[PDB]
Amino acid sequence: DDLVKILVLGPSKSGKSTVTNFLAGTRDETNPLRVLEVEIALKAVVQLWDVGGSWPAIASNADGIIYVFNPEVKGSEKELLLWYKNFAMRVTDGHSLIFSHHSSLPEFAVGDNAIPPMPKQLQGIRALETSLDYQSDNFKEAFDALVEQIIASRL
């Protein structure tokens, strides 16, 4: 029943924990750190680690990362490179996600990139437009699929 460790980084006020609870199961002012535990299998117990911005001892044998940023907000696309820098040494490789996340009515995000243009280091990681109420992709599926690719080659 070997667990998989997935972290959650990104700009503050971006939405990281509304995703964690929705993903980890918790139904429906930011804290340093939470850990949520969701088991998703096909015993695969998955651990969402919701981080709050300002401790490189937290990437211990980390397996995957999910970045969240508000597209309507500037520097959000660019703050994530500090998360990229501070954590992925190169701890994490490719088993990552990036969320253009609507917490608001999309004014800028809308259009030809409702996932706005990404920096070069991050242009390689799969990206989605994301919301619980506004326009959305089935990102429960992309999360489901991330755990399989993580465990896929640990053996």
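Counting begins at 1, following the sequence as shown.
- The segment from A88 to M89 is interrupted, since 10 or more residues of the deposited sequence in that interval carry no coordinates.
- The segment from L42 to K43 is interrupted, since 10 or more residues of the deposited sequence in that interval carry no coordinates.
- Stretch comparison (102-110 versus 57-65) by mean CA B-factor in the PDB entry places 57-65 on top.
- The entry assigns its greatest Cα B factor, within the set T30, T92, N70, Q47, to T30.
- Remark: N138 belongs to the highest third of its chain, ranked by C-alpha B-factor as recorded.
- Residue-level temperature factors show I6 in the lowest third of its chain, judged at the C-alpha atom.
- Annotation for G124: CA B-factor lies in the lowest third of the chain's modelled residues.
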